[PDB]
Each structure stands twice: as structure tokens, then as C-alpha cells.
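> Model the following, please.
(3 chains, ligands or ions: 3)
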Amino acid sequence: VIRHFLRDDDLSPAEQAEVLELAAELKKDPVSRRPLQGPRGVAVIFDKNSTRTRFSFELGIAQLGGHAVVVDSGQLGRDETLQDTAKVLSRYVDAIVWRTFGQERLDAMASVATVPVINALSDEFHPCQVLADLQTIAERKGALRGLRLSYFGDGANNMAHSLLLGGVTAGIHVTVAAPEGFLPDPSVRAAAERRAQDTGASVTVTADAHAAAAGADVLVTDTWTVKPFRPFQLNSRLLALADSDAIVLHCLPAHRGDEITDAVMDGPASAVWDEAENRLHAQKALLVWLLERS
Amino acid sequence: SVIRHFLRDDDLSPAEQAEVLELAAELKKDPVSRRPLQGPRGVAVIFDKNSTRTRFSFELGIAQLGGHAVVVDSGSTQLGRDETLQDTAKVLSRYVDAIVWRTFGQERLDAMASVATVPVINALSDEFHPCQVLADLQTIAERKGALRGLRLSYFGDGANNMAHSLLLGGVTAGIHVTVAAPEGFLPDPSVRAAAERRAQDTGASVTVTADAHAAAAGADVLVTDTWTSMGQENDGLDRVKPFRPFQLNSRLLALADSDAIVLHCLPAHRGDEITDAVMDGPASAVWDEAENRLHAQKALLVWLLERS
Amino acid sequence: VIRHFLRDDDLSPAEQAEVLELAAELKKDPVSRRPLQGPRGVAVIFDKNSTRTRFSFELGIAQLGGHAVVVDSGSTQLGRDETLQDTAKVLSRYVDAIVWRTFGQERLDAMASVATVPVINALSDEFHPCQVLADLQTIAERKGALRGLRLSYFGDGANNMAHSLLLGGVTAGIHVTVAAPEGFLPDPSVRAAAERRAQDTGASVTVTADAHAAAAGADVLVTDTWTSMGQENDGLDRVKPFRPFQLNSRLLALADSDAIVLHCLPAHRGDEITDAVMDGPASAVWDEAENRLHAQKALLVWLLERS
Ligand SMILES: COC(=O)c1ccc(O)c(I)c1
Ligand SMILES: COC(=O)c1ccc(O)c(I)c1
Ligand SMILES: COC(=O)c1ccc(O)c(I)c1
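Residues are numbered from 1 along each chain as shown, chains lettered A, B, ... in the order given. Ligands and ions are numbered 1, 2, ... in the order given. For reference, the structure is listed below:
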């Protein structure tokens, strides 16, 4: 009966809508929900450090009344079985937030822990970032369903997979614009196409950056790590092809002049700074929502 | 009032230990009902060698007492390197209401405690692990009731921190403690004599034997621990062959009382000191035991702060 | 506008007095001010770790009702994977203040130029202005009014404590003397800024290699370690030049009979200061160490309400 959140499609379309609505309420009233008052603990474990993931989660948990126990990459599983660690953590904390690499490690922890496990960021998915992206799109553009989103650059990385899955879950027509060596994992693509039939969305994968941008409502990129990606740069030429009032997203950090140009990132279509803040609100909502169902 | 420290299990008298364990039971039922550190007031939690389960239990426990744990890993300069230990203790005493320290040699804890003007707690050391044994006693009481007169046997390395603390903390609770260990691996003589003298006051006893089967027979509680600490991996000994007859396995457990329970200071190395069947079977109390580090350490801190 | 505290003369004499008054009030009532209730966040960022800096700030923020997010060395150093400007914009969305221990002053200036929350220099190569606030609180509680006191600092005259004692000291009206050997003198820009500020407060600046003249008639004697970790490979013999400037019993006996002794910890007993001086009746190093908690909480309270 314990819900986990390891990939974007772990939420149904109706569940994802609940979490995003909660994120909006929490942005307006950040200390109104105190499910962890006590404080109750939440584990925030990094197999590899991520300062942005730490600020977001550590502050968010505290604003829910809890105390985050942050374990930096100075690992889980060397000492004892992941199953034994999961059993003990379940006695100390009400949720486990974990940044690890392979998906099989997250699945293993989730199969044994008796508290919710959240994928903070992994090799294959970045589902919390995409919740923050969807919150940012909704507050700038309103209804998500039927919007057109294009992601540019490395189509094999965790953002491309999560934009496909979380995007179609929200009714967004998602396009990935990527060069040949760097396309979405085929099982993720197939999961996105199936979910997309439930929401009226669709999946497109192309090497044509110009067609990806033409008519886009949301344009997204991410760092590249490098010649194959240059045609996919978000520059101002690409952005003129989009629909009026298009918004640009980029989970930070950005390498200005590589995947994105100053003019795009500092211009009026950029929503990168609101996007960064909304990681706090979206992750708090996810936690609140998981905790009440577990 | 004198400042009370908790560096070894016998730092509590039998009556004082009973007060702490009763408070641990109350705190398990009502975990935010005691707020002596409301403010927050600080508590230092220092690791000369990192321990992640010591971290979760103390960091959360201190927060639930209303306090704020300042957690210092060994990534900082080891205490005693950049400035004297006495200088550090004097400064710490201006910032925090208690000092929790995982360190190696017991003389370092003694030194800190002699100069600090706030309680010092041994979170785990080479010679003792008294906080773990408080959690063990809480767990035993939960399962069996009165501790006085129970029979507890520990198996494996008889000179490690858990053997020493089970001796001292166990006899302080009135438990008849047996250590089953091979020759060359027997309890420190000073700790054994201290346990024998304390056991006189409680009606307990101390037994040390190389006969694992005899130690298991009639026991109410069977305990083991890893055979080798990190610092012993390079000591030159074969640290498998001497201990294999002391494995806590189904055969050994079946020799004990039908109602016996099994304890183990985590992490366990399954297949070495304990088997999967025992670890995962119905006699195992290891998960409740791990949880009770939280409650027993909170009780200890509440009790020390009130007396200091 | 947003106020920052990057060096000691970022506070005017009147503003410094307000922060020091607040520090005394917070020492008496340490949880009575809750500007960060929520909790609101405060970033505490270390380009190079300092355990003493971390404890003081982490507890202080919590006692203001906030939650400190501590970033130790081990994260990618600010500037490596992203512009300081971009990091500052994102930080400003998460926290109500940025406390940063870094190296060159230009990095602090850059952060403060674009951050929309107060930026505090926790400790840097050029200045240690939070420690000097704690020193001034310590002197005030031991001596009363600061104006007109005579303070002499001994040792490396170009380190961050020498620079902040000059600037923070003259801001408080203290006559500051730096006693240091040739080649280890205060930065000229810092000395000139102190000399300008001293005209406003009736204070004065003296730089001298004459250790006995600097101790004579002093109300406060201060020293610091002769070498920072980043100076250990600079090629200099960093012991012989400084031995004449040791804060020892003979040097203390030249000062005013009611003189006090300060040293931001840790001390290397036997080098810059002796056991007899560290542990005798003139030493105020333990109160000084504690007051870093109260002075830093005061600064945060004051910056948060002005910004
Ligand atoms: C939410 O993330 C942050 O606030 C953040 C990002 C990058 C940084 O280098 C630092 I320090 C903080
Ligand atoms: C109470 O102890 C724990 O919850 C714990 C133990 C071991 C670990 O490796 C980790 I991550 C957490
Ligand atoms: C405020 O500074 C301290 O309290 C402190 C200083 C040095 C240390 O090694 C440790 I642990 C704490």
C-alpha cells in the first residue's frame, strides 16, 4: 500500500494533476502543510552529491515540519544488504529520498522499504525536475493539456526520458529533437506512447531542430555532456519559430553559449529562474502527497 | 551539581540505569513529550570515524528533544590535531548542552569528560558501545518484561566493544551474562573484574567460556556481532577460523529456551557470525533493537541533562 | 537596497554600534528574535571548510528560527559549473541570506552585486569581519565603551584578522596598532581605508615593527596564527620573522595593568601565544569564542531587517 515515485509514470494522469495542484497551493502557503511535525525524519541520501537537489529537499522537508538527515557521497549497500538498510531506515524516517545511478537499485530499495522512496535524480529519470517544469508551465500558460513541448540536445539522458513520460502524462505533445547517436531508450519511448493514448498527447522523435521548434509552446534543453549537438542549440533563431508567448526551460546549471544562448536565457521567454524555485514547491507537494497515501 | 557523563555502561548505577530504561519506554510511547533542548539548544555530535546509523539515531533524537544537532564528520580536523583537546572542550561547552562523540581510545573520552562542563556521551568507541546496550536492554524488556535474572549469552569476539558493554550493562540490569569466545579473544581483564563486582550488587553473574553449545543452553537472549572491526582487518590474524564454532545459527538457537530472542548490533555479515534463517526468523529482535537506539539515547540525554 | 557585510567598514560607526548592541541583547535572550521563522533558509557555503564557522552559523540560524543549508568543500566550487551570477539568482529564490567562506574579495563582490538577499563574508583571504564583531563585543563587555581604547595586534600584519582589526577597530573609535615584521605589513588599500574611517571616529592607525612599543600602554593585545594553511607552501620561513612578536608574559606586562588578550582560535600554544597568557587572568579568548555566535546572529538580524 506504500507508494513510491521512481519514474514520472508512477503517477497516473489524475494523480500527477493532484500533485501539481498541491505544488501551487504550497507555493502560495509554504508552511501550511506540516505532515512531518515533530520533527519526523526523512532520509536524503546521495551516492553522488547534488547541491541543488540538497537545497531543494532539505529546505522543503524542514518547511513540512520535518528534519532531513542528509547523507552525502562521502555508500548504501557496501556495509550490509540494501534490504537490511531499508528495514532500518523505515524505523527512523517517514520517507527515503535517494539520488543513485541505476534504476535497479531504486527498485530494490522500493520493494523492501515500508515508507515511500523518491528518486531524487537518477541515470534514467529526473522525475522531480519534470514536476517542477510542469508547475512552471502551468503558472505561465495555464492548462497543460494539448500544449506542444520540444526538448533539444541529448535525447538519451534523464531529462529527455522524464519529459517524455511526465509530459505525456499531463497531456503534452512531446517532441525530442536529438542527433542519431543520442535517442531515447526504446522501452521509455514505448511507455510514453502508451501513456500518451490515455491523455490525447503524442510522442515525436526527430533530428530536425527547426521542425521541433516550429510552433512549440515550450522549448527545453539541458547540458550536453560535442559537435553532434550544435545544430540543436536554443538560440534566438530557433525561438522565433515557436508559438507566441513560448517559454524556455533548462534544469540548471547552464553552459551559456553551448546548449543555450544568453539572449534566450535572459530574454522574456526564459522561465529558468521560476523553474529552479519550483523544485522546492513541487518536491514538497510530492512528499505531502506520498505521505498521506502511505 | 556534578556533571554526569556516559562513557561506559557502569557509569550508571543499577537504579540509575532502571530510570533511564523506564524513560526510554515512555519516550517510545510519546516521542515529543520531553523538550529539554527547546530553543533550539545545541548538541555536538562528533565522529572521529563516521557511523551513519549513529548519525540517524542521534540527529533525529536530539531534534525530537527540541534541540539542534551539529554533526561533525571526520572530514574536519581530528580532535587534538589543530588545537588541544582541552581547548576544544572548553569552546564546545560554550556552544552546546552536551557532546556526543564516536572516537577510538577510551582515554580520549575520559579527557574530554574531565574538562567539558556539559555531559559527554560515548556514541561508540573501541572499548565500549553503551548506547547500543541501552537499546538492547530496552528491546529485551519489551519482549520479556523484568530483566533481573534473565540469562544472556554473547557469541564471537569476546574483547570487542559489544562484549564489554553487554557484560557491564547486562549485569547492571541484573542479567546473568555469558561471553562465549575462543582463546585469545577474551574480555579485557579490567572490564571483566568491573562486571563481576557490579554483578555482586545486582545478583547477576559473569561467565566466560569457549563452549558455545553450553553458552546457548537455557539462554533467554542470544547476541552476536561482526567478528572483525575495520581497525582489525590488518591485525595479521585469521579472524574466521577461530569464530566459526561460535556462529549464531539455527542449531545453536535451538539449544536455547524455546522463547529466546536474538540481538545483533548492525551491520550483520550474513553467513559469518549469524545466518539468514536466524536473522530473518521469528526469534530475531534486531529491527526493534535498531529502532530503540533512537528511544534509549533520547532517554539518556534527557536523564543526563536533568542531572547536569 | 540590499545590505551586505563583506568587510568591516560596510557598517558605518553608527550601524556597527547598532549591531553590537543587538549582540548584547541576543546574548541575554538568544531565542527572542525569530526573523527566519518558518523555517526560512540561509545558505552557509564553504569554498574551504571551517568547523568553527559552521557551528557558530548553523546554531545561530536555528536560534533565529531558520534552517541553515551547509555546503562544504566537496560540492563543485562556485564558478566551476555555472556563473556566480546564475548561482546568486537561484540562491536568492531559496534563502533569505547567503553566508560564504571564500578566498579573493572579488568573488564576494560579484555575488553581492547581483544577489537580492544579504551576502555575508564568513571568512575570506582579505578580511574576517564577523570575528572582529565578536572581538568588539568581547572588549565592550570587559571594558565598557570602545571609543578611545588602545588595541595592538601582533604577528602577520597582512592577514585577514589584521585587516579587519584595522577597519572594524577604527570604526569603533579604537586606536589600532599593527606590530608586524618587514614584508608582512597591512595591504595599502586597507590601511588607507582605515585611516579615512579613523578621521570620522577620532581613532588612529599605527604600523610598527617595534613590538615593545606596540604593547606599551595597550588596553587589548591580539594575535593570530602566523600561517594559514594556504600559506604553508609559500616558501617563506614563517617562524623566525614572527618570534619577536610572540604574545608572551613579558610582552603582556608592558601593557596597561587591566589589559585583555584576544586570539581567534585555534591557537598554537608556544608559537604566537604562550600557555601563561592563554590561560591567565587577562585572556578573554573563551568569551571571544562564544561571542561569535551572538555577534553573527546580531548581524543577520540587522541585515535582514534593513534589506
Ligand atoms: C536549489 O539550488 C541552489 O539553491 C544552489 C545551486 C547551485 C549552487 O552552487 C548552490 I551553493 C546552491
Ligand atoms: C538508523 O540507521 C540508519 O537508518 C542507516 C544505517 C546504515 C546506512 O548505510 C544508512 I544510508 C542509514
Ligand atoms: C564553535 O566552534 C566549535 O564549537 C568547535 C571548534 C572546533 C572543533 O573541532 C569542534 I568538533 C567544534
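> okay, now the domains of chain A?
A:1-128+A:279-294, A:129-278 (curated CATH domains).
> would you list every one of the strands in the stretch 101-250 of chain A?
Ranges of strands in the stretch 101-250 of chain A, per DSSP state E, counting those that start in this stretch, are A:117-121, A:148-152, A:173-177, A:202-206, A:218-221, A:247-250.
> Let's have those strands in CSV, adding distance to residue B:168 and mean neighbour count.
All C-beta spots, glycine's among them, are computed from the backbone N, C-alpha and C. Putting the strands of the stretch 101-250 of chain A into CSV (distance: least, C-beta to C-beta, whole Å; neighbours: other C-beta atoms under 10 Å in any protein chain shown) gives the following:
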stretch, distance to residue B:168, mean neighbour count
strand A:117-121, 39, 25
strand A:148-152, 63, 27
strand A:173-177, 64, 27
strand A:202-206, 66, 17
strand A:218-221, 62, 28
strand A:247-250, 60, 25
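> Minimum distance to residue B:70: which of the ones you listed has it?
With C-beta to C-beta as the criterion, residue B:70 lies closest to strand A:117-121 of the strands of the stretch 101-250 of chain A, at 24.5 Å.
> Can you tell me which helices and strands the closest one packs against?
When contacts are defined as 3 or more C-beta pairs under 8 Å, 6 or more residues apart in numbering or on different chains; DSSP states H and E, strand A:117-121 packs onto helix A:51-63, strand A:93-99, helix A:103-112, helix A:127-141, helix A:272-292.
> and it, C-alpha only, in PDB?
The C-alpha trace of strand A:117-121 is given here as PDB (Å, rounded to 0.1, in the frame of the first residue of the first chain):
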ATOM      1  CA  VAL A 117      11.000   6.000  -1.800                       C
ATOM      2  CA  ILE A 118      11.600   9.000  -4.100                       C
ATOM      3  CA  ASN A 119      14.000   9.100  -7.000                       C
ATOM      4  CA  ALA A 120      15.800  12.500  -6.400                       C
ATOM      5  CA  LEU A 121      17.700  12.100  -9.700                       C
END
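> Identify the residues contacting it?
The contact list for strand A:117-121 (C-beta atoms under 8 Å, 6 or more residues apart in numbering or on different chains) reads A:4-7, A:44, A:46, A:50, A:53, A:57, A:95-99, A:106, A:109-110, A:125, A:127-129, A:158, A:283, A:286-287, A:290.
> sorry, back to before: could I get the helices and strands packed on strand A:117-121 in JSON lines, plus columns for distance to ligand 2 and mean neighbour count?
Converted to JSON lines, the helices and strands packed on strand A:117-121 look like this (distance: least, C-beta to the nearest ligand atom, whole Å; neighbours: other C-beta atoms under 10 Å in any protein chain shown):
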{"stretch": "helix A:51-63", "distance to ligand 2": "15", "mean neighbour count": "24"}
{"stretch": "strand A:93-99", "distance to ligand 2": "7", "mean neighbour count": "25"}
{"stretch": "helix A:103-112", "distance to ligand 2": "10", "mean neighbour count": "17"}
{"stretch": "helix A:127-141", "distance to ligand 2": "19", "mean neighbour count": "25"}
{"stretch": "helix A:272-292", "distance to ligand 2": "18", "mean neighbour count": "23"}
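> Can you pull the residues of the stretch 51-200 of chain A lying near ligand 1?
Taking C-beta under 6 Å from any ligand atom as the contact definition, the stretch 51-200 of chain A meets ligand 1 at A:51-52, A:55-56.
> taking those as a set, which two sit the farthest apart in space?
Checking these with C-beta to C-beta, the most distant pair is A:51 and A:56, at 9.7 Å.
> ok, now which ones touch residue A:4?
The neighbourhood of residue A:4, defined by C-beta under 8 Å, 6+ apart, consists of A:10, A:110, A:116-118, A:290.
> Can you tell me how far it is from residue A:251?
Computed as C-beta to C-beta, to the nearest Å, the residue A:4 to residue A:251 distance reads 22 Å.
> And residue A:173, by the same measure?
In terms of C-beta to C-beta, residue A:173 sits 20 Å off from residue A:251.
> How about the residue of the stretch 101-250 of chain A at minimum distance from chain B, nearest residue that isn't a chain neighbour?
Using C-beta to the nearest C-beta, residue A:114 is the residue of the stretch 101-250 of chain A that sits closest to chain B, at 10.6 Å. Spatial nearest neighbour of residue A:114, excluding adjacent residues (C-beta to C-beta, 6 or more residues apart in numbering or on different chains): residue A:90 at 4.6 Å.
> Would you confirm that the one you found belongs to a strand?
No - counting by DSSP: H, G, I helix; E, B strand; the rest coil, residue A:90 falls outside a strand, being helix.
> tally of neighbours for it?
19 (other C-beta atoms under 10 Å in any protein chain shown).
> do the same with residue A:240
Residues near residue A:240, counting by other C-beta under 10 Å, number 10.
> Repeat that for residue A:114.
When counting by other C-beta under 10 Å, one arrives at 12 neighbours for residue A:114.
> surely it meets residue A:83?
No - Residue A:114 is not in contact with residue A:83 according to C-beta atoms under 8 Å; the separation is 11.6 Å.
> List, one by one, the residues from chain A near chain C.
Listed as neighbours of chain C in chain A under the rule C-beta under 8 Å from any C-beta of the partner chain: A:30-31, A:49, A:51-52, A:54-56, A:58-59, A:62-63, A:72, A:74, A:252-254, A:256, A:273, A:276-277, A:280.
> Against residue A:170, how distant is residue A:199?
As for residue A:199, its distance to residue A:170 is 7 Å (criterion: C-beta to C-beta).
> Nearest residue to residue A:51 in space, please, no chain neighbours.
Excluding its sequence neighbours, the residue lying closest to residue A:51 (C-beta to C-beta, 6+ apart) is residue C:75, at 4.5 Å.
> How much space separates the residue nearest to residue A:114 from chain C?
Distance, residue A:90 to chain C, by C-beta to the nearest C-beta, to the nearest Å: 25 Å.
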